[PDB]
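Asks:
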Amino acid sequence: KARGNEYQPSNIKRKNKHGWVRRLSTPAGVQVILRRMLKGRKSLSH
Amino acid sequence: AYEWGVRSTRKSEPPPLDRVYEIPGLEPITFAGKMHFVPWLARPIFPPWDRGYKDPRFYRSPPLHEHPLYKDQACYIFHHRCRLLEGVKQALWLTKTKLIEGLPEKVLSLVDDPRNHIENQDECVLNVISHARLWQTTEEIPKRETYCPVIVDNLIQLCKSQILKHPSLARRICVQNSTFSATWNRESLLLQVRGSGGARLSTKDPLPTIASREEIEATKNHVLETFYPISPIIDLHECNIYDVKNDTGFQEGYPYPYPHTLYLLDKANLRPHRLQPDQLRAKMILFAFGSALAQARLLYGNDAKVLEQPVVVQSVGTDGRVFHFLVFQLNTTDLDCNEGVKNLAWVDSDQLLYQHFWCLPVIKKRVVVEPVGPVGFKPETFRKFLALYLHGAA
Amino acid sequence: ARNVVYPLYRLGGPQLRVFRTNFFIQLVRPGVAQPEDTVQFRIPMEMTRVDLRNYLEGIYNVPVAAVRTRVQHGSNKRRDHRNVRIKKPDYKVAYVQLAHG
Amino acid sequence: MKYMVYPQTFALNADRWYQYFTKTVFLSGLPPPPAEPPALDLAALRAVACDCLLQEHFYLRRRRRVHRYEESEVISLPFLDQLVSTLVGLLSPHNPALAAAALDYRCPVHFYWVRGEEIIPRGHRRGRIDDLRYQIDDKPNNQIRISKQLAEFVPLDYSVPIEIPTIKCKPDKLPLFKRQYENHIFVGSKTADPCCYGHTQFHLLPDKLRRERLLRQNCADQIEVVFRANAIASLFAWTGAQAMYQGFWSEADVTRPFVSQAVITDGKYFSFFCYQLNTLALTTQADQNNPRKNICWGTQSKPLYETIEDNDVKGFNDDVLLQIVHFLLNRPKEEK
Amino acid sequence: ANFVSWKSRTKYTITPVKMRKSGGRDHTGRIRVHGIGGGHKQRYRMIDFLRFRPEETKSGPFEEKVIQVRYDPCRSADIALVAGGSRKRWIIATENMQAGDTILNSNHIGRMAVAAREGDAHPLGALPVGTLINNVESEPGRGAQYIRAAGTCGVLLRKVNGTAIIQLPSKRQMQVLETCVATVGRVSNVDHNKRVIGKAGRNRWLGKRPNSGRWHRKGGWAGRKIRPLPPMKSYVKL
Amino acid sequence: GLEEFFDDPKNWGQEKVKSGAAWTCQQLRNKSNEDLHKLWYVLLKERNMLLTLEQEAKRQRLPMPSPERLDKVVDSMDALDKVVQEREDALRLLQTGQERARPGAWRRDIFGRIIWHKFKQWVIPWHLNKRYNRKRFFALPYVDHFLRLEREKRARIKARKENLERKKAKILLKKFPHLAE
Amino acid sequence: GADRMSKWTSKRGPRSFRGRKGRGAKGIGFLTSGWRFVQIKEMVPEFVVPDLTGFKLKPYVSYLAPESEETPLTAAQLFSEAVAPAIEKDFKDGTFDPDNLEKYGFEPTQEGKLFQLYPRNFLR
RNA sequence: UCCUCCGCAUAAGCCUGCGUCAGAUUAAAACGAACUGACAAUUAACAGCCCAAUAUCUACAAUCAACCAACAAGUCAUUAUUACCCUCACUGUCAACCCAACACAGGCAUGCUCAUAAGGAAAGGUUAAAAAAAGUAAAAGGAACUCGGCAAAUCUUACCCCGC
RNA sequence: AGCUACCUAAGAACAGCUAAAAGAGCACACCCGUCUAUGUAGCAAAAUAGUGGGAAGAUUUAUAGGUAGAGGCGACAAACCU
RNA sequence: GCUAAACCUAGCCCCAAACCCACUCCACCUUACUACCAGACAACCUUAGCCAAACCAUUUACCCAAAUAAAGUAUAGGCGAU
Ligand SMILES: [K+]
Ligand SMILES: [K+]
Ligand SMILES: [K+]
Ligand SMILES: [K+]
Ligand SMILES: [K+]
Ligand SMILES: [Mg+2]
Ligand SMILES: [Mg+2]
Ligand SMILES: [Mg+2]
Ligand SMILES: [Mg+2]
Ligand SMILES: [Mg+2]
Ligand SMILES: [Mg+2]
Ligand SMILES: [Mg+2]
Ligand SMILES: [Mg+2]
Ligand SMILES: [Mg+2]
Ligand SMILES: [Mg+2]
Ligand SMILES: [Mg+2]
Ligand SMILES: [Mg+2]
Ligand SMILES: [Mg+2]
Ligand SMILES: [Mg+2]
Ligand SMILES: [Mg+2]
Ligand SMILES: [Mg+2]
Ligand SMILES: [Mg+2]
Ligand SMILES: [Mg+2]
Ligand SMILES: [Mg+2]
Ligand SMILES: [Mg+2]
Ligand SMILES: [Mg+2]
Ligand SMILES: [Mg+2]
Ligand SMILES: [Mg+2]
Ligand SMILES: [Mg+2]
Ligand SMILES: [Mg+2]
Ligand SMILES: [Mg+2]
Ligand SMILES: [Mg+2]
Ligand SMILES: [Mg+2]
Ligand SMILES: [Mg+2]
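Protein chains in written order, with the authors' numbering: chain 2, 47 to 92; chain 5, 30 to 423; chain U, 2 to 102; chain s, 89 to 125, 135 to 433; chain D, 61 to 298; chain Y, 63 to 243; chain 9, 14 to 137.
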């Protein structure tokens with residue numbers, strides 16, 4: 047059926063999946079922050 | 030044998046200690062000075078911490094054996110939540126009492142006179158049932174936690190309307206939230222009943238004795254039935270931290286010190302949380318005995334002896350539909366032995382006030398098969414309820 | 002006070018005291034009809050209704066019977082010439098009812 | 089969406105607002121006694146009243162610490178329960194109606210009605226008329242229902258030269274909040290119950306509204322307001338629900354008055370009220386040319402006792418106990 | 061993943077315990093066993109498989125009274141609530157176990173063999189040869205791990221040098237020390253293997269998910285294989 | 063009372079209200095702590111009144127009379143804070159020798175940066191604090207490359223800025239060729 | 014589709030989120046059983062307001078005031094003004110020893126004082 | 001006059017997004033304004049935010065729970081001793097709103113209303129060609145249509161293949 | 001893994017009629033998507049109208065969590081995994 | 001005649017030189033930017049492949065501490081490509 051509405055917002059999910067704490071929980075996630083810091087992103091994480 | 034609790038769910042064991050600690054004369058360099066963990070320094074060994082002051086929200090109680098009231102002998106406590114496996118038979122043994130089926134003739138004669146009947150009794154009782162089961166709340170079907178307390182309150186209110194005929198009914202009150210305690214010995218076992226819940230009908234005058242001194246002496250022949258291999262103390266709370274407290278629930282000078290009836294409810298909505306009929310009757314016997322024993326220990330001291338004046342206590346147990354009636358006479362406090370004068374209990378069991386109640390009409394194929402209201406109402410059940418209330422006044 | 006560390010309290014400790022408070026409040030005209038005894042304020046975000054009662058009574062000697070507060074959202078809708086959202090600051094509103102009629 | 093009216097309220101001067109919502113004029117004192125053409138044992142009634150007071154405060158031994166915040170529920174609530182229970186039993190010889198009366202314990206009382214209109218300020222419904230709806234969900238500690246109605250205190254057309262207070266702002270500023278849920282009209286039992294009329298209600302003020310705390314919040318002059326607001330709202334809802342059980346409503350106003358009484362207490366101070374419902378025509382349409390007013394009589398709260406030192410009740414007030422007895426002795430007029 | 065086994069309770073109780081389903085997944089969250097999922101919710105009743113467990117302060121043979129025999133969702137066999145002294149526990153019910161019966165838990169091996177009553181727990185050394193047994197343990201005090209399914213029974217074949225030879229339900233012999241305790245009789249629910257599921261849905265109620273639709277060619281493993289009974293398994297060390 | 067939140071009723075509607083100067087640090091340094099304590103509340107009530115008038119001016123869409131009054135009171139209150147802080151700082155140094163009132167320490171964070179970690183107040187020791195121990199006050203080797211990249215990014219920015227200044231200095235000499243000296 | 018740039022506040026998220034996050038107001042108590050809040054009187058900041066009767070300092074200063082040079086107070090200046098006179102006087106008297114430094118106002122430890130300078134345990 | 005497909009509320013989401021004043025910037029048309037600037041606003045009782053320790057206790061579904069009969073065997077329970085005198089803080093509360101690049105005929109949990117007391121407008125004006133779309137009616141015949149009774153109308157008989 | 005496949009925890013919904021036993025029939029809500037027309041840069045990157053299959057069950061569904069690409073998941077369609 | 005057209009700055013690039021490195025108060029690893037409670041998890045482990053060899057399968061240059069020269073020499077290699 048019709049597509050495009052895959053985003054079904056949920057703040058709990060968003061924070062748990064992409065949040066600051068989640069990012070820092072693994073070395074790979076910490077490196078994600080370090081890359082975004084180096085690029086100068088205003089938003090380092092959700 | 031199989032051990033309960035898988036290892037993956039148990040607390041992980043401390044990590045292996047750094048080998049620098051093993052070497053003598055060597056001071057390990059740890060991260061304690063840094064005030065935070067680092068992977069490349071040794072784990073500090075922290076000394077035990079004590080808060081050093083009282084914080085009620087973070088209190089830790091002393092070890093159980095160090096409590097002031099800790100005793101090596103165990104006291105088996107029967108409280109409102111104890112459910113006896115053997116029911117009445119176990120209660121009969123614990124209280125050294127003999128059971129007579131049916132209520133005493135003295136009590137039942139009170140309601141045989143039609144002058145003691147309530148005016149429009151059947152209609153009045155039926156309205157009480159309909160109020161509790163239907164009209165009580167805004168909900169279609171009141172739950173047992175709701176109608177069971179109310180049906181008992183209104184029935185007592187109906188009986189209390191007879192203060193007109195019997196002025197002596199003004200010398201009693203219905204007390205809530207009262208508790209009582211009594212301790213005694215059976216075959217060297219220390220037993221305690223802690224009564225709570227329900228309503229305590231309190232009178233200024235003690236209830237007349239039921240059994241003559243000849244029947245009391247005739248109980249010597251009766252032998253208490255045993256039920257090997259189950260212990261008499263099964264389903265009791267084995268406590269090793271207790272005080273030998275004998276309490277009636279009231280300080281000296283209370284105007285209504287005599288327990289007349291004990292109204293016990295079994296109002297749990299879920300059937301597994303409701304006592305079985307035999308278990309409820311067992312609770313009534315133990316609570317009646319506990320109240321009677323507390324009175325006897327107050328009036329006649331803590332000595333063990335056959336009581337010259339027996340103490341009579343009544344109990345009414347119900348779940349909202351089924352009613353049980355008990356009249357208990359405490360004839361003796363020499364309970365440690367199995368032989369001698371025994372206590373007496375008159376028990377009338379499984380008295381249905383009504384068989385069923387329809388809150389909604391039963392319609393099959395657009396035809397009202399059953400109307401709303403009580404089904405199978407039995408006025409005899411309320412007659413026994415009224416007789417117990419009228420006892421000692423009418 | 003705001004942007005300061007509060008000394009930690011433990012059972013049986015001294016009373017927490019502030020000597021020079023940096024809370025500043027402004028009495029504002031209500032935008033809607035209010036009861037005669039009601040006075041409206043815009044107070045700092047970190048100021049509690051308990052603080053405002055003691056603040057008004059201690060400094061201004063105003064007898065207060067009730068204090069209610071709410072948090073007003075400032076619009077973040079406007080856009081500068083760079084299409085970057087401009088945030089109107091959020092602020093706290095207090096409703097103070099006078100005590101002795 | 090309707091306003092949630094709380095009979096027991098922390099709002100300042102709520103009694104004046106409740107008078108407006110219910111079109112009730114308040115009068116100081118009790119209603120004028122009717123001049124119309135067995136011995137009361139004061140010593141016995143006082144004795145049991147003191148026995149109920151000492152039982153909860155002294156004689157009954159508590160297994161658990163009774164904290165100050167729990168005192169209202171643990172001590173005061175059993176007192177009022179037992180005080181009402183024993184008195185009605187003792188007073189049945191003097192008042193036969195009490196013998197056949199229904200005594201409820203913490204039973205809900207609901208009333209829902211429409212008073213006034215507003216223009217929707219915002220949204221897709223802006224500019225359209227919306228009725229101002231009100232709901233009272235009350236739980237009187239005790240109440241007594243009877244199968245025969247009490248007599249009116251004054252005539253149905255009784256007029257007083259006292260205007261009902263008006264509000265110059267929205268009810269929300271009391272403060273009052275809106276919510277949507279089941280609209281219940283309930284006297285304490287369903288309509289099938291014969292005991293559809295109200296005798297007396299007994300209310301116990303919550304710890305949140307305790308005298309000691311009102312004085313600490315600079316609300317000394319609200320002490321009597323709390324009693325009056327609880328009386329007006331509770332008895333308006335009860336008598337209103339009673340009238341609607343008889344088939345009356347805004348477009349079919351009551352053809353006779355509906356009266357009830359309330360005893361309001363905090364465990365020590367007692368205040369006595371009488372309410373007469375003369376009109377249900379409270380909507381904008383039905384109240385346009387309605388001269389009727391609802392009436393509420395009230396006394397100032399008085400202590401039943403001074404202190405309770407050990408097993409002694411100090412300064413027991415016979416007048417307060419006598420006033421309780423007088424309400425309980427009220428009975429319907431017997432027809433010929 | 062954050063999988064935590066529900067089997068955390070450490071103290072024995074007869075209260076039904078809330079249990080959590082696995083779906084055939086392991087602690088990693090990946091499917092480890094296929095065909096498991098859903099089904100009716102169930103509570104676990106802790107079964108005591110050590111029939112000879114004297115009470116804390118007691119010793120020697122003791123008797124228990126059967127209070128109730130009832131359905132157990134977690135196993136094929138029925139279970140019986142038994143009470144002795146001040147202790148109540150769940151045990152596996154035998155074929156003819158009913159409420160009101162009394163059962164004997166003894167550790168005594170005597171010169172003569174006892175008369176074996178169904179439902180009694182005795183050491184294998186004390187039972188006549190040919191007795192039908194169930195709930196057998198491999199080593200003394202280990203607890204019953206064998207012959208626990210509905211209707212299953214073993215037979216005591218020989219008794220030699222302080223050891224007992226029993227035939228397992230699979231017909232493979234099992235040597236154990238004569239002090240290993242067993243229960244006399246067959247396990248309850250003898251007609252379990254005659255039940256008919258009747259419909260696919262009922263298998264779903266039991267927590268069984270359908271088979272894969274992938275067609276698998278059969279290989280050399282398939283086809284009848286007539287193999288000799290495996291050699292007697294021995295748990296005694298000489 | 064509530065009248066203190068408004069200016070003198072005679073000044074309502076006046077286009078200008080004359081005011082004196084803001085208190086200076088030196089003038090306040092001659093006053094006792096008790097006098098400065100009293101003056102703080104005198105300045106506070108003036109500040110609340112001026113903030114009240116500023117808001118009402120916006121509500122009425124009119125200019126605030128004498129807006130510099132607010133700037134003076136803020137400067138006076140800032141000067142009073144500075145004076146009181148200096149006295150407390152001097153006393154702390156004499157009696158303790160500590161340059162800061164709040165304890166802290168230099169720490170390396172999970173990102174490899176050096177930060178001043180300001181301490182917080184707790185009732186239990188740090189080795190028992192579950193939330194505190196979850197924080198990482200150290201950096202693992204994978205952070206090293208990113209630190210170098212950040213350093214090199216800083217170096218590039220600094221190099222462009224320095225080169226630009228030299229270019230501008232030459233453009234200047236072209237326009238004004240008499241700056242050789 | 015979520016707004017990453019906007020400030021995270023208690024107005025955002027589900028009921029559980031909205032009630033856990035605050036606006037920086039310091040707590041004045043704790044929650045007990047039944048979600049009953051217990052207010053601690055000692056945790057509520059008490060405004061110490063002085064009596065302003067007969068106080069001669071006003072919000073502003075007169076413009077006809079002589080300018081003075083700014084001299085920030087230092088630990089040395091405070092010592093010279095407060096401590097040095099007493100030390101010089103006892104030195105002349107001939108009775109001066111390190112044991113009596115507490116007499117001149119030195120505090121060996123901050124513990125035991127109501128207002129401790131480090132760690133600072135009092136509010137502005 | 002005509003629709004009612006709804007509607008109101010909660011949850012989730014969203015975040016000031018048709019309130020006032022001032023602007024003629026604009027709604028796939030149009031000077032009212034959802035666009036611009038300024039100024040206002042949602043007030044806790046509803047809801048969120050909870051709980052001293054150690055040991056100990058908890059066989060008996062639900063279905064009007066009463067008869068009756070079950071299996072797939074089930075959502076709701078303590079006590080003992082110790083500790084504990086205190087009080088109403090904090091946060092959500094607006095809207096014509098969310099996921100679909102859109103002011104999208106799509107997607108979207110629950111309660112109540114069961115046709116409405118709430119919510120809405122299919123026609124910018126005209127003309128009345130073809131072709132096209134959606135319907136209504138049709139002489140006599142009644143599947144002669146067609147790959148096939150597709151569609152429509154009416155509303156029924158029997159059988160075969162495969163798969164239970 | 002905010003879509004979807006499967007799973008875990010704890011929730012929710014299912015009128016009326018027949019039979020009263022039901023992976024039973026008729027038939028709403030609800031789920032699905034048989035056939036035809038329309039639409040085909042559309043209202044829609046899969047829809048609309050009618051007509052249909054199911055609708056107390058292997059049912060449908062809100063919430064949080066789990067399994068990740070040499071992999072997952074799959075009543076095997078080489079399905080599904082933004 | 002419209003729409004438009006025209007502009008010279010902003011800064012930037014490559015080298016040289018020089019080692020580099022911040023700070024008001026408050027908040028920030030839990031759902032970061034959240035005053036305030038019983039924990040104890042902890043870092044290291046050979047690059048691969050495209051591609052070249054006209055396929056491909058061993059093999060196929062990648063700063064590693066002085067510019068130049070020795071020297072594309074010795075030497076390695078499906079002794080082929082390199
Ligand atoms: K089974
Ligand atoms: K929004
Ligand atoms: K669409
Ligand atoms: K998931
Ligand atoms: K190739
Ligand atoms: Mg997309
Ligand atoms: Mg979804
Ligand atoms: Mg609020
Ligand atoms: Mg199983
Ligand atoms: Mg198979
Ligand atoms: Mg197959
Ligand atoms: Mg609440
Ligand atoms: Mg709203
Ligand atoms: Mg769907
Ligand atoms: Mg309308
Ligand atoms: Mg139109
Ligand atoms: Mg059109
Ligand atoms: Mg047209
Ligand atoms: Mg035709
Ligand atoms: Mg043809
Ligand atoms: Mg044909
Ligand atoms: Mg043809
Ligand atoms: Mg067709
Ligand atoms: Mg098929
Ligand atoms: Mg998911
Ligand atoms: Mg599950
Ligand atoms: Mg149905
Ligand atoms: Mg079906
Ligand atoms: Mg069907
Ligand atoms: Mg599937
Ligand atoms: Mg295939
Ligand atoms: Mg294929
Ligand atoms: Mg190649
Ligand atoms: Mg090729």
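Even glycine gets a Cβ: it sits at the ideal position worked out from N, Cα and C.
Determine whether the Cβ of residue 103 (chain Y) lies closer than 7 Å to any Cβ atom of chain 2.
Replies: It does not: the Cβ of residue 103 (chain Y) has no partner Cβ on chain 2 nearer than 7 Å.
Asks: For residue 176 (chain D), which residues of its own chain have a beta-carbon under 6 Å away from its beta-carbon, when the five flanking residues on both sides are left out?
Replies: Around residue 176 (chain D): 187, 191 and 244.
Asks: Is the CB of residue 189 (chain Y) under 7 Å away from at least one CB in chain 5?
Replies: True, the Cβ-Cβ gap to chain 5 drops below 7 Å.
Asks: Just confirm the distance between the C-beta atoms of residue 367 (chain s) and residue 417 (chain s), as a whole number of angstroms; I'd bet it's less than 8 Å.
Replies: Their Cβ separation, rounded to whole angstroms, is 5 Å, which keeps residue 367 (chain s) and residue 417 (chain s) in contact under 8 Å.
Asks: Can you name, in chain order, every residue of its own chain whose Cβ lies under 8 Å from the Cβ of residue 101 (chain s), other than the five neighbours on each side?
Replies: Closer than 8 Å at the Cβ level, and outside the excluded window around residue 101 (chain s), lie 319 and 322.
Asks: Which residues mark the beginning and the end of the alpha helix (DSSP H) in which residue 69 (chain 2) is found?
Replies: Note, residue 69 (chain 2): alpha helix (DSSP H), 66 to 70.
Asks: Identify each residue in the stretch 191 to 211 of chain Y for which the Cβ-Cβ distance to at least one residue of chain 5 is less than 7 Å, and report them in chain order.
Replies: Those would be 195, 199 and 200, in chain order.
Asks: Strictly under 7 Å for the Cβ-Cβ distance: is residue 25 (chain U) near chain 9 by that measure?
Replies: It does not; no Cβ of chain 9 falls within 7 Å.
Asks: Taking the alpha-carbon positions, what's the residue 193 (chain Y) to residue 65 (chain 5) distance?
Replies: In a straight line, the C-alpha of residue 193 (chain Y) is about 12 Å away from that of residue 65 (chain 5).
Asks: Suppose you measure from the CA of residue 289 (chain D) to the CA of residue 214 (chain D); what does that come to, to the nearest Å?
Replies: Each residue's Cα considered, the two are about 16 Å apart.
Asks: If we count Cβ pairs, one from each stretch, closer than 8 Å, do we get three or more for the stretch 168 to 176 of chain 5 versus the stretch 140 to 151 of chain s?
Replies: Counting Cβ pairs under 8 Å, fewer than three are found: no touch.
Asks: What are the residues in the stretch 255 to 276 of chain 5 lying within 7 Å of chain D by C-beta distance?
Replies: Correct list: 258, 259, 260, 262 and 263.
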